[PDB]
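Participant: model the following, please.
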Amino acid sequence: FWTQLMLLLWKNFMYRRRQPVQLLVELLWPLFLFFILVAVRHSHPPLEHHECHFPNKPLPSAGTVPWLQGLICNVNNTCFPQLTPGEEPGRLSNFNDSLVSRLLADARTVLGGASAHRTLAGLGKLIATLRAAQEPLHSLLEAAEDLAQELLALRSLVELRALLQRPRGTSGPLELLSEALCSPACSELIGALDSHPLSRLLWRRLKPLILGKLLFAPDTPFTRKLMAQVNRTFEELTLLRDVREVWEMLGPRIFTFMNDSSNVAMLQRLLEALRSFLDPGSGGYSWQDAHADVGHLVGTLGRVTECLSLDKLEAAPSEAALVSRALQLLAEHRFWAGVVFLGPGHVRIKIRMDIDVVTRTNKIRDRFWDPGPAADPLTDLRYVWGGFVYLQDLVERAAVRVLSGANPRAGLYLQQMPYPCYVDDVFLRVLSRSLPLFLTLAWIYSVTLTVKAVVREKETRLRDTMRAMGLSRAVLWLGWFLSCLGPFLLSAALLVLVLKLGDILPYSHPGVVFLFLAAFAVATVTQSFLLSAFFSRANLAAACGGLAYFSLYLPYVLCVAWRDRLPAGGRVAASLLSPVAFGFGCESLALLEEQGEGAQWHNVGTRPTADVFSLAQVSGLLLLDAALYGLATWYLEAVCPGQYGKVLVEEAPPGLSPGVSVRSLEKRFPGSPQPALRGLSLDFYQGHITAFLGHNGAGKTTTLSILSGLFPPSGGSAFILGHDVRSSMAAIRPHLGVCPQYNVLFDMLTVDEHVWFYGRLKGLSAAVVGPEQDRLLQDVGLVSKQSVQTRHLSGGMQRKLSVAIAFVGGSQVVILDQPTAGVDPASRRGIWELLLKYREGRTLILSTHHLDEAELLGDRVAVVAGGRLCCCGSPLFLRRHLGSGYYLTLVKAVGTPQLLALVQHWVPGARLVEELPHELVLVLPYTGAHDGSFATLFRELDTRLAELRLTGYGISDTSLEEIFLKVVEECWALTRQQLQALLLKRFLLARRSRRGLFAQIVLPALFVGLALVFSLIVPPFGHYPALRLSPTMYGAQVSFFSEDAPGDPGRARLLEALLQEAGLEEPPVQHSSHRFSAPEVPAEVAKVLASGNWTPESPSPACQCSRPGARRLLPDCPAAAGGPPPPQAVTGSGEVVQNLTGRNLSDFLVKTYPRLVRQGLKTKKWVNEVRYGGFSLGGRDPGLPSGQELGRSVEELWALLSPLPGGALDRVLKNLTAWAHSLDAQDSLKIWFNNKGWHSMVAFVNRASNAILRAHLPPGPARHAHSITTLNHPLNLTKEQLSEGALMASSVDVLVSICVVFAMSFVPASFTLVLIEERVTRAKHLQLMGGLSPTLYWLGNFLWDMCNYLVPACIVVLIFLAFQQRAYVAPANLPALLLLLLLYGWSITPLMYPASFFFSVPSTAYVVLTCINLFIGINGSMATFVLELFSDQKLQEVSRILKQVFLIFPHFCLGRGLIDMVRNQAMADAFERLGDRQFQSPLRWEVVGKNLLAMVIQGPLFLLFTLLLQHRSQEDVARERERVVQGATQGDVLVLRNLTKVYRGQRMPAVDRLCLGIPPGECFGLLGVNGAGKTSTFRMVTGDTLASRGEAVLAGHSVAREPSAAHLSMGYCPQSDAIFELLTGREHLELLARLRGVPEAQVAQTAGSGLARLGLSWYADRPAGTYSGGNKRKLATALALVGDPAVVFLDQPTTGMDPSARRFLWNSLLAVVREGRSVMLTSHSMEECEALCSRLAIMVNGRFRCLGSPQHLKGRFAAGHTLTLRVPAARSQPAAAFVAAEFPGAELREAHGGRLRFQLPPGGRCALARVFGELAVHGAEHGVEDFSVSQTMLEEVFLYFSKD
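Facilitator: Numbers count the residues shown, from 1 in each chain. Here you go, the structure:
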């Protein structure tokens, strides 16, 4: 266990050690990704803030001066870390320091006491007038003294005198106003405002207020009453203009009584008074200064008040005319707002202002929650500077004034709810949506090398060998898991260090987050294992693994999008995937970081919030997912049960040793109906090599599997060395070795540690492996190839290293399986010598499928058929029981009956079978096997052979082939039909692969439709809806009404009305005493409150803010902060009201704010706050009014000082009566708004006004018959907002525009993968053989390309019609889409062909092509659309001009044409309400026609591109060479001359200047080893690559003359299975028949003859997948010879098939040679050449060595006469003594205990009779079993091939 585990770990580590660049890019890809992430983090630093309070903003219902005050001063809306005085419960105004309020209070405090001092003057004037028609003089002197000293004791007048006696230069008028606050004259004022940017922006908040309009649409007298009440703040605002002309009748007039008129003034002023009156001089200024300054100030105020409207109120009786007039006034910038009295009693009010002026009204809250008060007056405040709530409250007060019948003096003070000190970091807000994507993209590569490696080791079937040879699958999975956890954990450690040290996750102990990432790694590596168990294809699974991994992350996106909707149980159930369980854990980590405390060991086991996981509750879930994936892999490994994805016998050797004795196995595949094998009872012997012949998979693999360690023996007895598989299975393994049919090698390993690996696993120790290793590496002969340390660089030789691995243990039993299939003949003798070296003392089971080596290697031979044993034994006469015993061949370079008679006088048993020219074959039967009779026959035959005119003889014994065959049965128009053949063949290829076409057609065409039909979640841009205004649209919430100075009945009435409007039913008093229900106070917190010095007006104790070094979002404090829980009550509408009377009211809200947000803080998408707005029924402003005596004084001046009958002075005085009497402001109100809720301000303003209406109303049906509900609905559009609502939103159109490219990219790649597997499989070769020009082949197949592109275009067009889409249903834009799609498909096909000629695997080509096409699609659509919209400057416009003219990508113009047509539809839809005149034909040539022109002109270029790259191709040795050079043979079909190969890169010619001539009537048997240039020689006669140098003509026709003429009479047969798996045998025959122009009457006859010549009646409609290799090779040969070729090409047609199929194969091709057709052969098993043909040729390293007729070469260097013997005593020397005494040759080979072979000197003219009768006594001389003379067969040369 523990040895092989560490050995497998070493084996897996050596893979990555040998492949370093994959490991290096593995280590440096997520480092680059997370360096990008840390650059993003460093680009956006965290930002903190202090506790934020906000100043009071008065509304014009509170008077006029505070409204200006708040507008001019509080324009910036600056924050305040200290408390503003406007939030204290007592004060309402916060401008004691202001000069204007100081002036108001000073006037009210010095004019209050001057009541008697002016009535005294009045009565004195009255009595002086009475006496005319000296007490008052001195009395008024003292009164004037008192008044002058009262006036002069004021510091504010000196301040305004110094401020007003200042120049009009650098600052301007607005700064002069704000210093004391905090017509061409109008043109100069506007120029002064525009002179400074500060005054410019302050006028930008004021020019709609000054030059705006109020346009009320209905004109009933109710609306006229409304407007005549709301203009009372407008028409009476400019009343100072009136007092201006008061100076114009009083200023100069008294001036005319002043200058040169001191006589009337000296008398009263003379009779400390005169120094107080300031009698004028050089220094005393009292009269001229006063007149000049008063005139200057009144002129300044008049010129400031020159260009107000004086009637901004206008009218319009039509709402459409209202919209048009508003548009015009916007065009000249003179519009403010439109009141609409759209009624049905109650009053409904619409406000219509511009979009720049009003907040958007589509949604209520935000969509991504920013954690601040959000008070920036430019961005989200629009109800203040824009001028909504001013108007709003003005019309509200007018409506309540006209509906109440009274005049409520209830102002409004808007006030922002203060915010605690926050920290705004966007990065830490989105880390829950970023890090689970960035880790998955970091490990989308690192999974695709685990699936790739595991499937690759499941594909070469070496894992089956390791499982059979001693391993357990548990050890395999343990080794793979422990080896793949390496890179995952290393990358996890690196990407934990990066997160901690890059400030991405600060405050966090890296141990817990590293444990978290290890819990993700251990849950994704087994995810990769489960993904790998699906497949059996290496590159296909490697490509599909990343897609299937990243397609499981998208549930996390789908869950984070709709987090609030689903409950916890569904979250747990959907957390059973690997990345989603990491996603929720990362959300919990980010939200735990969010409260400042990084992940540490204190808080692992606690949920940070009530609806998220914990770190411990996730790290236990990933392990559960890992266990589930492992269990599912364990279950799914059983999807492949077992598999992947007559008594004529003798058992009596002299050496008996049943080391592997087996009896009667029965096995049964579940899918076979017959048993896997039948019973057999034979046993094997060590010292023998028992050959095991059979059929293709019908016994040549299953028996050797069941006697190995793989298959279990449920049936049969298989005792190996006494014990069976079912019991021991442990000690046999050191004595057992195996070698299956496939290679058992490691691809990236080398040889020395390979044999060390197998030896160390087999049980050999490390101290004894080396002495095995050196002799193993030298027995194979790889000492030269072990120090170079190469594995993949040697090919075909590796079969030797497949069999030497079976000898690493010195095992007594070795089981081979077809060890001679894929090996060159130069190493066949090498492996045979290896087995002969290792044949002594070992039980060799060599189940070769060939019959040309069992006679050499096999001491005994067993033959099985279908699982049934036919016969077994030594290959001598004891098993050679055939009637035709021996075959005599008398050869010529005369007369059958004379020689037949001669045999008949000698031996009458005879048989004449063959009487062909130059060879006569007789049959001597074994019946009468008297060697003396044969000797006495051959004596006369020797004396007759010289004069018989033959001069040649050769007599074979019975071969193993015929006894095997005996025992096997006991157990223009021509081009048009080329197009027809091409289209029908492609049709049958397509029509069978059902699910592949189903995927590659149905997924994109329905994917576009599904994406468009479910991508309507994007909001439709356009008009903005009207919105009802109330706090009831926010749902359930809280509010408060904290009142101050409640000593009034009116304030109680207003409070009761506010409560009744708050959804609270007014209860009876016995239940209204406890109407509220105070909640429980925590007693352990109540003791903290009592311990502290707390009263309900004292501040809350503390709240821990963001420490330096530990930053939080919202400060942490328990219930001690925020005071006690205030009393509360519940309403019927779900609102809560909280009596907050007598608190700090800002040390409460700031402290209590975060605990309300903590419920909705979980996802931060749509955070339902609960505290949106409150109230405060504020009482009296603290300060003495003294306005009662001011009203008395102003009425006394009205009735005393010149009462004008016209009322010019009198109406000013009467307005001053209200200015002084209503200056008390007997009640006031605040409105505490929130700004995260967009509409809280004006909704609570409307609520306050409704409360005022309810308060000032008598009972009855009028309290509910009087209500007013304001609305908010902006204008339709203006000129630039036509484009804004039509073109710069554009999300749905661009998403479908990218989506059609996204989906239509995957359709034509199905062509590319099919044509690249047509490339790498050599089918393209065999359709290039014929009349098919490659240009003709291409023009055959793009017609099919358009034919199959006709499929998805109809589906997408009809599904675009079916959705009733506005841009695809009308008959003007539908044909544009149709033509664009059709020409786009015309243009996308020809550009993807030449990637196949650069690529290898269809899966790799698929994924690379779709990656590059997807990338260019997203680039050329989105980047271009983003460049051309939201423009910046001229450089981008110049860049996009070139980007939209060059247009070289087809997807670029598809996307741009579709976007252009859909924006034409959008602009027409926007135009249809305005003055359109819009025909808008989408088929314009300058709009979309350039795209179709570019497609129709660029398509042929790529059509010819793949053609132009494809058509770049534009003694007997001397006795043949000199004959061909000196003369060309026209009778010979094939003439080759200068067969020289210029290899690119190898720098060496293959064959050195040799020429050939091939006669047509015979077959030419060519043989070539690797490196002798065979495939190239087939290749240029084929004509694949360049035809530059070398003459090669066939049938008198030149390849250089016509290339297609060289393919008509050339029938190729590759070793590659160049057949379609979805099309059966008769259909290849039919397809080739129509490819050769066979007439339709002869097509069926040709197909039937082609199938039935080589069987195929049962294999007719059977698919090509369910064939054998022999069946596929034999139908390839039949396809090669069908079509009438002059020469038939067979390149390696024989690789291990059943020799019965060989019998019919060379029977059929011998018949076709007798028909007169030449045939080309080249293969590794050269017995076929001597079995069928009549001419042999060999070349090694491209040099001809024989090049002659095979019998002449046999007379030259072969054709010796040999002998095989059989002796029981194994005493070879006594036999060899007389045998070498009889014959002069005394060689010896295979002097072994089985048998003995002997070779005599070749070419003996004397017959072999001199031994035969000699044997007839000499075989009786010693103990001899049997003899078989192996003299002059054709097969003797293979022994030559076994020698040298």
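
Participant: pull the number of nearby residues for residue 1821.
Facilitator: Using other Cβ atoms under 10 Å, residue 1821 has 13 neighbouring residues. For the C-beta atoms, the positions are set from N, CA and C on the backbone; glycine is no exception.

Participant: again, but for residue 129
Facilitator: Counted with other Cβ under 10 Å, residues neighbouring residue 129 total 9.

Participant: residue 973 now?
Facilitator: Neighbours of residue 973 using other Cβ under 10 Å come to 7.

Participant: distance of it from residue 979?
Facilitator: Taking Cβ to Cβ, to the nearest Å as the measure, residue 973 falls 10 Å from residue 979.

Participant: which stretch of helix or strand covers residue 106?
Facilitator: Secondary structure assigned from DSSP states H and E places residue 106 in helix 99-110.

Participant: what about stretch 1153-1171, distance to the chain center?
Facilitator: 33 Å (Cα atoms, centre = their mean, to the nearest Å).

Participant: show residues contacting that stretch.
Facilitator: If you take Cβ atoms under 8 Å, 6 or more residues apart in numbering as the criterion, stretch 1153-1171 is touched by 365-369, 417, 419-420, 429, 560, 563-564, 591, 594, 609-612, 1035-1039, 1114-1115, 1122, 1136, 1149, 1234, 1236-1237.

Participant: may I see the buried residues of it?
Facilitator: 1153-1154, 1156-1157, 1160-1165, 1167-1171 (16 or more other Cβ atoms under 10 Å).

Participant: now do the end-to-end distance for that stretch.
Facilitator: End-to-end span of stretch 1153-1171 (Cα to Cα, to the nearest Å): 8 Å.

Participant: same check, this time on stretch 746-764
Facilitator: 20 Å.

Participant: distance between that stretch and the chain's centre?
Facilitator: 41 Å.

Participant: kindly report the same for stretch 599-608.
Facilitator: Between the centre of stretch 599-608 and the centre of its chain there are 34 Å (Cα atoms, centre = their mean).

Participant: which residues touch it?
Facilitator: Under the criterion Cβ under 8 Å, 6+ apart, residues 505, 508-509, 511-513, 516, 588-589, 591-595, 597, 613-617 lie in contact with stretch 599-608.

Participant: just these: which are in helices?
Facilitator: If you go by DSSP state H, those have 511-513, 516, 588-589, 591-594, 615-617 in helices.

Participant: quick check on those residues: which are buried?
Facilitator: 512, 513, 516, 588, 589, 591, 592, 593, 594, 615, 616, 617.

Participant: thought the first one was touching residue 615?
Facilitator: Yes - when contacts are counted by Cβ atoms under 8 Å, residue 512 is listed as touching residue 615 (6.4 Å).

Participant: so where do the helices sit in the stretch 201-350 of the chain?
Facilitator: Assigned by DSSP state H, counting those that start in this stretch, the stretch 201-350 of the chain shows helices spanning 207-210, 221-230, 239-256, 263-270, 273-277, 288-304, 319-331.

Participant: adding distance to residue 1280 and mean neighbour count, write those helices out as JSON lines.
Facilitator: Converted to JSON lines, these look like this (distance: least, Cβ to Cβ, whole Å; neighbours: other Cβ atoms under 10 Å):
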{"stretch": "helix 207-210", "distance to residue 1280": "18", "mean neighbour count": "17"}
{"stretch": "helix 221-230", "distance to residue 1280": "31", "mean neighbour count": "16"}
{"stretch": "helix 239-256", "distance to residue 1280": "38", "mean neighbour count": "14"}
{"stretch": "helix 263-270", "distance to residue 1280": "67", "mean neighbour count": "11"}
{"stretch": "helix 273-277", "distance to residue 1280": "66", "mean neighbour count": "13"}
{"stretch": "helix 288-304", "distance to residue 1280": "34", "mean neighbour count": "14"}
{"stretch": "helix 319-331", "distance to residue 1280": "11", "mean neighbour count": "16"}
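
Participant: circling back to that earlier point, would TSV of the ones in helices among the contacts of stretch 599-608 with distance to residue 837 be doable?
Facilitator: Output for the ones in helices among the contacts of stretch 599-608, formatted as TSV (distance: Cβ to Cβ, whole Å):
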residue	distance to residue 837
511	61
512	63
513	62
516	60
588	68
589	66
591	73
592	71
593	71
594	76
615	65
616	65
617	66
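
Participant: which of those residues sits closest to residue 879?
Facilitator: residue 516 (72.8 Å; Cβ to Cβ).

Participant: hmm, residue 294 is touching residue 244, no?
Facilitator: No - the pair residue 294 and residue 244 fails to qualify as a contact (Cβ under 8 Å) at a distance of 11.2 Å.

Participant: residue contacts, the residue most central in space within the chain?
Facilitator: Centroid check for the chain by Cα atoms, centre = their mean gives residue 550 as the closest residue, at 5.7 Å. Applying Cβ under 8 Å, 6+ apart, we find residue 550 in contact with 440, 444.

Participant: if we use 6 Å, what do you get?
Facilitator: Residue 550 is in contact with residue 444, counting by Cβ atoms under 6 Å, 6 or more residues apart in numbering.

Participant: roughly how far does the residue nearest to residue 1315 when sequence neighbours are not counted sit from residue 1320?
Facilitator: Excluding the flanking residues, the one nearest residue 1315 by Cβ to Cβ, 6 or more residues apart in numbering is residue 1396, at 5.6 Å. Using Cβ to Cβ, residue 1396 is found at 9 Å from residue 1320.

Participant: one more: residue 1791?
Facilitator: Going from residue 1791 to residue 1320 by Cβ to Cβ gives 50 Å.

Participant: would you list the phi and psi of residue 1567?
Facilitator: Backbone torsions of residue 1567, given as degrees, to the nearest 10, read phi -130, psi 130.

Participant: which strand or helix spans the nearest residue to it once chain neighbours are set aside?
Facilitator: Leaving aside its chain neighbours, residue 1567 sits nearest to residue 1738 (4.8 Å; criterion: Cβ to Cβ, 6+ apart). Using DSSP H and E, residue 1738 falls within strand 1736-1739.

Participant: what's that strand in contact with?
Facilitator: 1565, 1566, 1567, 1568, 1572, 1745, 1746, 1747, 1750.

Participant: give me that answer again for 10 Å
Facilitator: If you take Cβ atoms under 10 Å, 6 or more residues apart in numbering as the criterion, strand 1736-1739 is touched by 825, 1516-1517, 1520, 1539, 1550-1552, 1554, 1556, 1564-1569, 1572-1574, 1577, 1721-1722, 1726, 1729-1730, 1744-1754, 1834, 1837, 1841.

Participant: go on, stretch 1803-1811?
Facilitator: Residues outside stretch 1803-1811 that contact it (Cβ under 10 Å, 6+ apart): 931-932, 934-943, 945-946, 951, 953, 955, 1754-1756, 1759-1761, 1763, 1778-1779, 1782-1785, 1800, 1814-1815, 1818, 1827, 1829, 1831-1832.

Participant: intersection of neighbour lists for residue 294 and residue 244?
Facilitator: With Cβ under 10 Å, 6+ apart as the test, residue 294 and residue 244 both reach residue 251.

Participant: quick one: contacts for the closest residue in space to residue 218 that isn't next to it in sequence?
Facilitator: Of all residues not flanking residue 218 in the chain, residue 341 sits nearest, at 4.6 Å (Cβ to Cβ, 6+ apart). Counting by Cβ under 10 Å, 6+ apart, residue 341 touches 216-220, 222-223, 226-227, 347-350, 395, 399.
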